[PDB]
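Structural characterization, general
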Amino acid sequence: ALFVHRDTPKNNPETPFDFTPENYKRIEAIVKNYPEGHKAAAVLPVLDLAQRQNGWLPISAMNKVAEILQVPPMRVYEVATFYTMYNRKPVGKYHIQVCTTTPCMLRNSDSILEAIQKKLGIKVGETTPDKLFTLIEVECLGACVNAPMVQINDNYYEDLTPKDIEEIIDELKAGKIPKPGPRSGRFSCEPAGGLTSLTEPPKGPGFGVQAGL
Amino acid sequence: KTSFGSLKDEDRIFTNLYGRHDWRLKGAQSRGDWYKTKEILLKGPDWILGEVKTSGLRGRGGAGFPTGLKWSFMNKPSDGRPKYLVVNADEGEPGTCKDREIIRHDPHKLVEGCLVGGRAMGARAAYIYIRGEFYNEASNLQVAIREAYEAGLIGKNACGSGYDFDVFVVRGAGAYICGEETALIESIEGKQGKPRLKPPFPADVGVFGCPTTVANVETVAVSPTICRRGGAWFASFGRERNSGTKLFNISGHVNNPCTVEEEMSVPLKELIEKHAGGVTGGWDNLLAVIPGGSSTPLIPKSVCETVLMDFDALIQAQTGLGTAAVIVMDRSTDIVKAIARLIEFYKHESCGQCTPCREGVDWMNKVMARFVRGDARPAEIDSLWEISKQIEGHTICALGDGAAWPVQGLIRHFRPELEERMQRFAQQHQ
Amino acid sequence: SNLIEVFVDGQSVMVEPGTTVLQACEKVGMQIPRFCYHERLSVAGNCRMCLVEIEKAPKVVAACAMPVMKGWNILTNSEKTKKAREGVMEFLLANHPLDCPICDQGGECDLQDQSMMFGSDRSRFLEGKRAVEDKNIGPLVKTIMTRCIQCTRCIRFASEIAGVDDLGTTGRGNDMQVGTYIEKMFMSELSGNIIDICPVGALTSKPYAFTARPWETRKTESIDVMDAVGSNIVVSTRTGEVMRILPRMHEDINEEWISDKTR
Amino acid sequence: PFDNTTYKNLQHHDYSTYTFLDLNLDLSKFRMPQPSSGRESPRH
Ligand SMILES: NC(=O)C1=CN([C@@H]2O[C@H](COP(=O)(O)OP(=O)(O)OC[C@H]3O[C@@H](n4cnc5c(N)ncnc54)[C@H](O)[C@@H]3O)[C@@H](O)[C@H]2O)C=CC1
Ligand SMILES: Cc1cc2nc3c(=O)[nH]c(=O)nc-3n(C[C@H](O)[C@H](O)[C@H](O)COP(=O)(O)O)c2cc1C
Ligand code: SF4
Ligand code: SF4
Ligand code: SF4
Ligand code: FES
Ligand code: FES
Ligand SMILES: [K+]
């Protein structure tokens, strides 16, 4: 929760970090998306790439991103502390993010936060001792009609009950991967008691196209 | 036309909103996407801007600026710099989950919108700044962009029209402020997502210092349907200056929380009772509705009975249309706790750049955290009102406005509930 | 000429295109209050102290950044300009520490002075304040970052004039902190001028610390001899003893800076 | 046959941690040559 860095033996500028060569090819593809003379625009993806290789960002991933993009290291530190996805501390293998803003709080996200807490034996911000789960509490994840929902590392788990999130944590501990979707009967975002719209077949190419075109 | 709503399925722009059809290129072309795109591109920028101006399309991001007038700010000869369309796909607003559905289920509609809009504004390329939390949606959009490049629909000689146009996807990294257009531009440029002061507007100095139009996913993705069906078709829905269709996200205390496409000036009661299954406990169980996502002020049940869900009728209801994200709150809701959680959101999502938001949004969150418990006195209500008025209009971007407005709506419609909260705190703690 | 006509409080003034509202008011001898604007740094526009009413416009504009349009009547002393200044000063003083007796900036503090001139006379802030961890940027600049008002004159100086790029803002929101993010020592040849341009006592002189106080200092205008630049300085003395050395503005020599050897 | 009862977007169940960046690497060959500001960086 701090925004200064102190050198620890597991987080220092001599902590070993380097990209894999396939990650260097991915970095070249990232840098080619931006105009010549604006290589600094590749700070946010490549640093995120450094989080996808390592799981988190020690201050050698920040220094390596600053070195390969020829930007000052402070301008990478600003990005790494500004944005809430960059893990500047090592998180667990499954980073559970429970949304507790008002559309999820109205549909009882506190019960699911408590269910994760009493299932994993930890609280908000802590990590399980086997380094598998980090539970934090995030803002609106943009799945508001699928409230209450969580995010696990890339995946949204939606329309949750305490039983559903206990089942998801059970099959995360069992090595399997759960299905990223609503755990209720519906599929993505439709009304749960049947389609109130888009029941007709779509019309296809050419329908309603005006004259002179 | 006087009554609005009951939109037919043949008039839906966002068919395959629900993922029930193939989102890929065969399914998109079988639903009407990428049809006669070359004939749209060869009619020039002025024809496309005329169709968007005739359609009455306003900014679906939430402010409702006229889209054709906005996009015509780029209709000017080049000065050596390239021009850029930038598609705002951040969608950080609580309540709002519609652009996720457009990216996830109609991605080629967004890509064709990028092509048509960038042809209208003379843009070289499109940068779709997608939210970093929408990882599966971003990879979904990248598969559709690969299908559009491999079909020759974008890239070198896009749709066989002789117009070169790239479509890039930049992922965010977890900042709600990076959906504000200049903060989004700063986030694309590899910096902290801090908003720029306006002027310069992005059509003068935007991304990389180039001419730039930042436009929402929804106002971009409806533009090929506007160019095909006609602007007079799109202006036939909703009231005047309130034209078209709109995606609505009814969440909170309804029976069936859902995203649905609906005609523009639909009643809020008709929308909730028709597509969302009504309020939990009936319509008489309704306490309040945040009409357009978290930045719009709440309206109580007496306003929600007759109000129309477009821009002008919600401005007359002293709230905003916003992102058209209907957050429904029933009688069992601690409404001070919900608005204070919303102000807690706005202090966790505040980039810290200018003084009134950086200091006053945290100070409003502290006052609201005391108002939940009642640990306050009634003279601090009007004080808080003035604090909101010292943030509104005094900041760099409208996140300060969007944090002051829920406080103002809560005070304006629920001052007696705040007062009875504080006096019961005072009588059971003194 | 291509001068446009603008108005400051009804008074006409002819300005070059691209003149800001603040500079147009400066041409009639009115100094708009500011904290983040500095005429030798790039425009930031984030302290919001320079907010001023343009008439027939229902929104105050940031005068340091906003270019004037032809025919604007800038209302520097109107009611909503003064309310904007009082509100912004209230937010600046909400979390600011009660350190004026122990702070070296007292008496020569921009925050004190234009709190007296443009802010209210009392507080409505009934909460606890933030407290910021102090940084260590070297033996010259004492750092007390609770006093920081986040005007980013630090960062713009170190980036643009000193050419260093080691200062920045980490974090977000009210927890946004100006610093280096690491234990890093800001030792330029020009590193002492961030003591000058810090409007508050967040960056002070560590050798000058606690010794004197600006009202009792006699100001002797003199010349640097530490090099052949001839930087114009103020030697501030007190009771026959040299207390410190500040720059003088000479536009053709040292514009308003001095080297750390000089300082 | 017209189907409106199944969810056709089942591809993102199989996306890994490098799916977006491998798609960007695949798309790198389809793109136009970038414009240049004429200098290597604004600090050049
Ligand atoms: N969609 C979402 O996820 C969210 C949407 N919002 C909405 O954002 C809105 C505020 O957004 P802003 O862009 O900050 O405010 P808005 O006043 O400025 O501007 C909207 C658009 O119009 C353009 N524009 C406005 N006046 C102009 C002028 N004179 N010249 C040229 N261009 C001009 C701006 O460049 C911008 O692209 C609110 O209404 C809120 O509901 C807020 C938060 C989240
Ligand atoms: C704090 C803040 C966050 C915003 N977030 C978004 C967003 O996530 N998506 C979006 O489309 N617009 C967002 N906006 C509105 C944009 O600034 C801008 O008006 C819009 O993205 C593009 O204009 P348009 O509505 O014509 O498409 C936000 C505005 C503010 C002040
Ligand atoms: S009002 Fe808040 S969100 Fe906007 S520039 Fe200022 S600190 Fe940032
Ligand atoms: S910086 Fe100024 S206002 Fe703050 S404690 Fe020092 S003298 Fe007082
Ligand atoms: S330390 Fe001083 S100069 Fe630096 S940002 Fe803070 S108030 Fe401004
Ligand atoms: S409120 Fe939880 S996802 Fe939007
Ligand atoms: S002086 Fe213009 S905002 Fe700081
Ligand atoms: K100082």
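Residues numbered from 1 in each chain as written, not as in the entry; some residues may be left out. Chains lettered and ligands numbered in written order. Part of a larger assembly, values for the part shown. Heavy atoms only, no water.

As summarised from the PDB record, the model derives from cryo-EM at a stated resolution of 2.3 Å.

1. A few points about the site of ligand 4
For clarity, the cut-off: We call a residue near a molecule or strand as soon as one heavy atom of that residue lies within 4 Å of the molecule or strand. Residues are sorted three ways: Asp, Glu, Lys and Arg are charged, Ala, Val, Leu, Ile, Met, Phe, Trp, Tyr, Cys and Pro are nonpolar, and all the rest, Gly among them, are polar.
Within the structure, ligand 4 sits among C:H96, C:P97, C:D99, C:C100, C:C103, C:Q105, C:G106, C:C109, C:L111, C:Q112, C:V200 and C:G201. Grouping the constituent residues of the shell around ligand 4 by class yields six nonpolar, five polar and one charged.

2. Thoughts on the pairing of strand β6 (residues 258-263) of chain B
All names here are of chain B. Let me state the cut-off plainly: Burial classes: relative accessible area under 20% of the type maximum marks a residue as buried, over 50% as exposed, and values in between as partly exposed (1.4 Å probe, protein chains only). Helical segments are the DSSP runs of H or I of at least four residues, strand segments are the runs of E of at least two, and each set is numbered from the N terminus. For two strands to pair, DSSP has to find at least two bridges joining them.
Counting buried positions along β6 yields six of six residues, so the element is predominantly enclosed. Relative to β6, strand β5 (residues 245-252) is paired through six bridges, and the arrangement is antiparallel. Among the inter-strand pairings, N249 is bridged to a residue of β6, identified as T259. In this structure, the hairpin formed by β5 and β6 is closed by a connection of five residues.

3. Describing the site of ligand 1
Residue and element names in this part refer to chain B. Rule in force here: Two N or O atoms count as a polar contact when they lie within 3.5 Å, although within protein this holds only if one can serve as hydrogen donor and the other as acceptor, and sequence-adjacent residues are included solely when both atoms are side-chain atoms.
Surrounding ligand 1, one finds 17 residues, the nearest of these being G61, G62, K70, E93 and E181. Here a nitrogen atom of ligand 1 and a backbone polar atom of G61 are 2.6 Å apart. The contact in question runs from an oxygen atom of ligand 1 to an N or O atom on the side chain of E181, over 2.4 Å. When grouped by side-chain class, the residues that make up the shell around ligand 1 number six nonpolar, six polar and five charged.

4. Observations concerning the interface of chain B and chain C
So the rule is basically this: Here, two residues are considered to be in contact whenever any of their heavy atoms come within 4.5 Å of each other. Whenever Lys or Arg places a side-chain nitrogen within 4 Å of a carboxyl oxygen from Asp or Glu, that contact is recorded as a salt bridge.
Across the contact, 34 residues belong to chain B and 34 residues belong to chain C. Joining chain B to chain C, the criterion identifies four salt bridges. Linking B:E349 and C:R172 is a salt bridge whose minimum nitrogen-to-oxygen distance equals 3.2 Å. For the interface between chain B and chain C, the tally reads 20 residue pairs in polar contact. Elements with a contribution of two residues or more to the side of chain B that touches chain C: α16 (355-373) and α17 (379-391) of chain B. Counting residues per element, the side of chain B that touches chain C draws most heavily on α16(B), which supplies 10 residues. Residue composition of the side of chain B that touches chain C, by class: 11 nonpolar, 13 polar and 10 charged.

5. Section: the pairing of strand β3 (residues 166-171) of chain B
The side chains of a regular strand alternate, first on one face of the sheet and then on the other. All names here are of chain B. What counts, and what does not: Here the term right-handed applies to a crossover when the path leading from its first strand over the helix to its second strand runs clockwise, the strands being oriented away from the viewer.
Taken across its six residues, β3 has six buried, putting it largely inside the fold. Every second residue of β3 is oriented toward a common face, with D166, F168 and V170 on one face and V167, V169 and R171 on the other, all of them buried. Where strand β2 (residues 125-130) lies against β3, six bridges are found, and the strand directions are parallel. Bridge assignment links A126 to a residue of β3, and that residue is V167. The handedness of the β2 to β3 crossover, carried by helix α7 (residues 135-150), is right-handed.

6. Comments concerning the sheet that holds strand β9 (residues 325-330) of chain B
Residues and elements named next belong to chain B. Rule in force here: Here the axes come from fitting lines to C-alpha atoms, over the contacting stretch only for helices, and the angles between their N-to-C directions go from 0 to 180 degrees.
Reading across from one edge, β6-β5-β9-β7-β8 is the order of the five strands in this open sheet, with mixed pairing throughout. Of all the strands in the sheet, just β6 and β8 (299-300) have a single pairing partner and so form its edges. Judged from the four bridges that link them, strand β7 (residues 286-290) and β9 form a sheet pairing that is antiparallel. Among the inter-strand pairings, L286 is bridged to a residue of β9, identified as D330. In this fold helix α12 (residues 268-275) packs onto β5, β6, β7, β8 and β9, with an angle of close to 130 degrees to the strand it touches most, β6.

7. Topic: the domain arrangement of chain A
Residues and elements named next belong to chain A. Applied cut-off: Domain start and end points were adopted from an automatic or database domain assignment. When two components associate, each loses some accessible surface as probed by a 1.4 Å sphere; the sum of these losses over both components is called the buried area.
Per the domain assignment, the segments making up chain A are domain 1 (17-90) and domain 2 (91-196). Between the C-alpha centres of domain 1 and domain 2 there is a distance of 28 Å. Contacts between domain 1 and domain 2 engage five residues on the former and four residues on the latter. In this assembly, domain 1 packs against domain 2 so that about 310 Å² is buried in total across both faces, 36% of it on carbon and sulfur atoms. Among the residues of domain 1 in contact with domain 2, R52, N87 and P90 are the three that bury the most area, contributing 83% of the side total. Seen at the junction of domain 1 and domain 2, the total is one salt bridge. Where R52 meets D154, a salt bridge forms, and the shortest distance between an N and an O atom there is 3.4 Å. For the interface between domain 1 and domain 2, the tally reads two residue pairs in polar contact.

8. Some thoughts on the side chain of B:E349
Examined against the element boundaries, B:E349 turns out to sit in the loop between α15 (335-348) and α16. Of note is the side chain of B:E349, whose polar atom sits 2.9 Å from the backbone nitrogen of B:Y176. Here the side chain of B:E349 touches C:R172 through a polar contact of 3.2 Å, side chain to side chain. With residues near it in sequence (within four places) discarded, B:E349 still touches A:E139, B:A175, B:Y176, B:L399 and C:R172.

9. Re α12(B)
Inspection of α12(B) places B:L268, B:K269, B:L271, B:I272 and B:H275 among the buried residues, and these make up the whole buried set. The elements touched by buried residues of α12(B) are β5, β6, β7, β8, α13 (301-304) and β9 of chain B.

10. Some remarks on the packing of aromatic side chains
Under the convention used in this document: Pairing of aromatic side chains requires ring centres within 6.5 Å, counting the rings of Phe and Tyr and the six-membered ring of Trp. Pairs whose planes differ by under 30 degrees are stacked, by over 60 edge-to-face, and all others tilted. Both a distance and an angle decide whether a charge sits over a ring: NZ of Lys or CZ of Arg must be within 6 Å of the ring centre and within 35 degrees of the ring normal.
Under the criterion given, the structure shown has 24 aromatic pairs over all chains. Consider the rings of A:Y34 and B:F208, whose centres lie 6.3 Å apart with planes at 65 degrees: the pair is edge-to-face. Here A:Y34, found in the loop between α1 (21-31) and α2 (43-54), pairs with B:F208, found in the loop between α8 (181-188) and β4 (212-216), and the two come from separate chains. Like B:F208, A:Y34 is buried. Ring centres 5.3 Å apart and planes at 65 degrees place the aromatic pair B:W363 and C:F125 in the edge-to-face group. Within this pair, whereas B:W363 is found in helix α16, its partner C:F125 is found in the loop between α3 (110-118) and β6 (141-143), the two belonging to separate chains. With a relative accessible area of 3%, B:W363 lands in the buried category. Members of the aromatic cluster, connected to one another through ring pairs, are A:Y34, B:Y84, B:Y127, B:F168 and B:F208. Over the aromatic face of D:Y18 sits the side chain of A:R26, whose NZ or CZ is 4.1 Å from the ring centroid. Here B:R171 stacks its cationic end above the ring of D:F20, 5.8 Å away from the centre of that ring.

11. Digging into the side chain of B:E262
Residue and element names in this part refer to chain B. The test is simple: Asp and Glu are treated as the negative residues and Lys and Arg as the positive ones, with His and the ends of the chain left uncounted.
Among the secondary structure elements, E262 is positioned in strand β6. An unpaired buried charge is present at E262: no salt bridge exists, and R12, the closest side chain of opposite charge, is 4.2 Å distant. One polar contact links the side chain of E262 to the main-chain amide nitrogen of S6, over a distance of 2.9 Å. Those residues within four positions of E262 in sequence are excluded, and the remaining contacts are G5, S6, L7, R12, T245, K246, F248, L271 and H275.

12. Remarks on helix α1 (residues 19-27) of chain D
Listed as buried for α1(D) are D:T19, D:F20, D:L21, D:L23, D:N24 and D:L27. On its buried face, α1(D) sits against α1 and α2 of chain A together with α7 and β3 of chain B.

13. Side note on the packing of helix α3 (residues 61-68) of chain A against helix α4 (residues 73-82) of chain A
All names here are of chain A. Heads up, the rule is: Should an angle lie under 35 degrees it is considered roughly parallel, over 145 roughly antiparallel, and from 65 to 115 roughly perpendicular; all remaining angles are considered oblique. Each crossing gets its handedness from the near helix: less than a right angle anticlockwise from the far helix is left-handed, clockwise is right-handed.
Axis separation between α3 and α4 bottoms out at 8 Å; the angle between their running directions is 130 degrees. The pairing of α3 with α4 is recorded here as oblique in orientation. The two elements α3 and α4 cross, and the hand of that crossing is right-handed. Contacts between α3 and α4 involve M62, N63, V65 and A66 on the former and, on the latter, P73, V76, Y77 and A80. Among the residues forming the contact of α3 with α4, the class breakdown is seven nonpolar, one polar and no charged.

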